[PDB]
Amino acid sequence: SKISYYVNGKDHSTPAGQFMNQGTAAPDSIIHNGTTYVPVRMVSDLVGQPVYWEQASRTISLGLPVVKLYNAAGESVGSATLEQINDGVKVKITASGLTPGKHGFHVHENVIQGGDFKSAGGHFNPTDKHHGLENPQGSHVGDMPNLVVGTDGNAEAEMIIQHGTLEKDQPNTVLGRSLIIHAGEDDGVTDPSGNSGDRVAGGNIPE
């Protein structure tokens, strides 16, 4: 049975009762216990706000993307919000339980699969630059300043992904990638990662 959807009086119904997304079809509606359900990737069109979906962690973000950060063991270490600004994305990060000192902090190219930080790949580098904000041949769009962790093991910071975008399908789109916190300090000059070393925490940027 066809369910119809109107938004402020305008028809948003699908033509055949199917929702299409990245070359897959799904029924556009399920009714269960009297409640109407729609696919997660359809519900932006119905609520007039961007809807971000992190499939492996089953996290929906409305408005601002949320990044949940985990250690290698799958335990929560903190979170971050992203917000689009002029020619960048503003990252507001909270983290706890990290070793005091400076930690390398970057957007990596790939999503983390199965909680294995090696799967994140290298730094997000759509402009084909060398690593480092202090490098004359820098920098990766993914490069941020070190996360400064206190004696208490905590960090709170606002970093900018310079030239990053939350818009979909753009060379500098940071949606559907990852944030990685390193064990070591980023020296701001050395390829590929500022001599940042191991990946101690990370999380997926929804899309």
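Each residue number is its position in the shown sequence, starting from 1.
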item: Per the entry, higher mean C-alpha B factor between 113-121 and 81-89; value: 81-89
item: Of 177-185 and 30-38, the one with larger mean CA B-factor; value: 30-38
item: Criterion, highest CA B-factor; candidates, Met144, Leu62, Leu69, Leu46; value: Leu62
item: Entry-reported Cα temperature factor of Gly132, expressed as the chain third it lands in; value: middle
item: Relative C-alpha B-factor of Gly17, binned into the chain's lowest, middle or highest third; value: highest
item: Third of the chain, ranked by Cα B-factor, where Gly74 sits; value: highest
item: B-factor third for the C-alpha atom of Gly194 within its chain; value: lowest
